[PDB]
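For reference, the structure discussed in these notes is given below.
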Amino acid sequence: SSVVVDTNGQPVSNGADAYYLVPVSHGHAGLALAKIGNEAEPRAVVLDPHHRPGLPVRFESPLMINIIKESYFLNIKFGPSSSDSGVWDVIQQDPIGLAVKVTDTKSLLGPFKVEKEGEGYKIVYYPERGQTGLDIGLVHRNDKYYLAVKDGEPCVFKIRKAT
Amino acid sequence: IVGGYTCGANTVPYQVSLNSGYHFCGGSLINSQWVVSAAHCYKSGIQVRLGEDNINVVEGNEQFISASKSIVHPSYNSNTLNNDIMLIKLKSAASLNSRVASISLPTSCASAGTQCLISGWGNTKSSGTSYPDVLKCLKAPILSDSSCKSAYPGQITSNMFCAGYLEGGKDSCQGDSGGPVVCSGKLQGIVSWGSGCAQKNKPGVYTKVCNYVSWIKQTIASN
């Protein structure tokens with residue numbers, strides 16, 4: 001339940017700033033969108049070796065505070081803070097599994113937390129707020145790493161402010 | 001505060017700032033040694049700044065006092081945001097002056113339509129960010145609990161109330177957390193949460209301090 005901190009030692013803000021999620025294992029990959037299954041438009045969140053540092057994210061809580069604690073339930077989103085598109089969610093979808101995808105809607109309390117893990121942070125997804133969480137990890141397919149629930153095998157990120 | 005006005009130096013003498021190397025929450029001085037804020041503002045080694053108007057100047061009518069005890073409500077529920085109230089005992093009593101005075105606890109809950117004073121140093125924009133130097137103030141009315149539950153279905157507990165305008169344009173915003181909502185001269189609310197800032201049909205939600213007066217008094221009496 002400590003404050004989430006970026007690579008500069010500053011508290012991660014609530015919505016005001018965008019941040020790159022920088023993998024510590026992958027090194028040459030950044031967040032991007034990819035097609036999943038039969039879909040025309042890319043809606044699955046992936047780590048793409050060709051796209052570094054990748055698309056930046058915003059961390060959003062309805063609480064009226066400008067810092068993010070590891071205990072806060074968060075929405076994570078691509079794009080502008082106020083915009084309702086690019087909001088992350090978890091969708092069961094073959095062939096990835098419990099796939100991280102973007103939608104055009106934003107729920108009040110998001111299902112994600114950011115938790116200290118090893119030498120960085122991991123993303124953890126909660127199917128309901130009362131429950132234990134599921135680490136977000138990577139499913140290697142089509143020369144990219146689909147972000148998906150992979151409990152016990154989290155992807156570890158440092159949080160680098162886009163500036 | 002979105003859609004507000006500059007309070008002035010002496011206007012909100014019960015407002016305090018919670019500090020840990022940076023301002024991160026508001027709070028209310030309820031006597032010379034005790035502060036009320038939001039549970040979600042709990043942090044280790046909080047410093048309370050009293051008598052601040054300009055948050056960016058280090059003037060000398062201000063006081064910086066360490067927290068000695070920071071007591072989150074024992075039933076605070078991080079999943080539901082219920083019981084979002086925290087007591088801070090200051091390591092030393094505040095010296096009272098033009099810019100430092102306590103606000104008292106209510107004798108009863110406030111009714112729909114009562115005009116309240118909400119204050120803080122949070123974001124003043126509903127889209128984007130702008131943080132003020134000086135304390136900002138907003139007058140906004142208490143909404144009936146039925147409208148509050150109608151704006152936020154399935155999320156309003158009995159220990160919360162809404163205040164503001166469903167037309168939008170005026171609201172507390174990020175950085176106001178923990179700050180006071182004062183109605184009829186008594187502390188009725190603590191800035192807690194909301195869907196965005198100053199959005200249509202999305203008023204601010206506040207901790208219902210009237211429900212906590214017994215626990216506050218007991219905790220102060222026992223500490």
Side-chain angles (χ1 to χ4, degrees), chain A residues 1-37 39 41-60 67-81 85-103 110-126 133-163:
Chain A
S1 86
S2 268
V3 170
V4 174
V5 201
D6 69 18
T7 57
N8 296 141
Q10 289 293 102
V12 161
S13 62
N14 181 7
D17 300 280
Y19 301 86
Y20 304 111
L21 301 188
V22 182
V24 318
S25 173
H26 286 178
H28 288 330
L31 291 182
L33 297 182
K35 299 151 270 327
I36 186 158
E39 301 190 10
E41 315 253 351
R43 303 188 184 90
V45 186
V46 303
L47 272 186
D48 193 351
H50 296 343
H51 213 125
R52 57 209 269 296
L55 301 170
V57 302
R58 291 178 198 271
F59 304 100
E60 305 204 329
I67 56 138
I68 291 307
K69 290 186 197 175
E70 292 178 28
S71 47
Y72 291 172
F73 283 99
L74 308 178
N75 283 114
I76 295 173
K77 75 180 315 294
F78 295 137
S81 193
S85 62
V87 181
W88 290 20
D89 66 356
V90 168
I91 303 294
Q92 167 66 220
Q93 189 171 4
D94 299 326
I96 297 306
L98 286 160
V100 176
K101 305 192 65 187
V102 288
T103 47
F112 298 106
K113 299 190 183 179
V114 173
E115 298 175 14
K116 180 65 203 179
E117 184 66 61
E119 65 277 42
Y121 291 95
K122 60 175 179 182
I123 306 312
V124 187
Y125 169 78
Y126 291 74
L134 302 164
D135 308 325
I136 300 306
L138 304 175
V139 176
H140 196 22
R141 213 165 174 94
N142 196 339
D143 300 357
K144 51 198 77 195
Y145 307 104
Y146 286 79
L147 270 63
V149 161
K150 215 158 197 182
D151 203 34
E153 302 165 351
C155 184
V156 173
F157 299 106
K158 296 187 166 186
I159 300 172
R160 187 158 77 210
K161 189 175 178 192
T163 310

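Each chain gets a letter, A, B and so on, in the order the sequences are listed, and its residues count up from 1. All values below were derived from every heavy atom in this structure, side-chain atoms included, with hydrogens, water molecules and symmetry-related copies excluded.
- More than 12 heavy atoms of other residues, nucleotides or ligands shown are found within 6.0 angstrom of CD on A/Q92.
- Residues A/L147 and A/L47 approach most closely at CD1-N, 3.8 Å, considering heavy atoms.
- At least one donor-acceptor pair under 3.5 Å links the side chain of A/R58 to the backbone N or O of A/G15.
- For the pair A/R52 and A/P49, the tightest heavy-atom approach, listed with the atom from each and the gap, is CD-O, 4.2 Å.
- Between A/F78 and A/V45 there is a side-chain heavy-atom pair separated by less than 4.5 Å.
- If you check the side chains of A/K161 and A/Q10, you find no donor sitting under 3.5 Å from an acceptor.
- Rounded to the nearest 0.5 angstrom, A/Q93 CD and A/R43 CZ are separated by 9.0 Å.
- Not one N or O on the side chain of A/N142 forms a donor-acceptor pair closer than 3.5 Å with the backbone of A/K144.
- A/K150 contributes no side-chain N or O that, together with a main-chain N or O of A/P154, makes up a donor-acceptor pair within less than 3.5 Å.
- A/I96 and A/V139 get closest at one heavy-atom pair: O-CG2, 3.9 Å.
- Using cut-offs of 30° and 60° for the angle between ring planes, the A/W88 and A/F112 rings count as perpendicular.
- How far CD of A/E115 is from OG of A/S1: 10.5 Å, rounded to the nearest 0.5 Å.
- Distance CG/A/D17 to CG/A/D6: 8.5 Å, rounded to 0.5 Å.
- Cation-pi contact between A/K158 and A/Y121: absent, since separation from the ring centre below 6.0 Å together with deviation from the ring axis within 45° is not met.
- To the nearest 0.5 Å, atoms CG (A/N8) and OG1 (A/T163) are separated by 6.5 Å.
- Between A/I67 and the options A/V12, A/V4, A/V3, A/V5, a side-chain contact (heavy atoms from CB on, under 4.5 Å) holds for only A/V3.
- When side chains are defined from C-beta on, A/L33 does not count as touching A/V46, because their heavy atoms never get closer than 4.5 Å.
- Separation of atoms CD1 (A/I136) and CG (A/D151) is listed at 9.0 Å; rounding is to 0.5 Å.
- Atom CG of residue A/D135 and atom CD of residue A/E153 lie 9.0 Å apart, to the nearest 0.5 angstrom.
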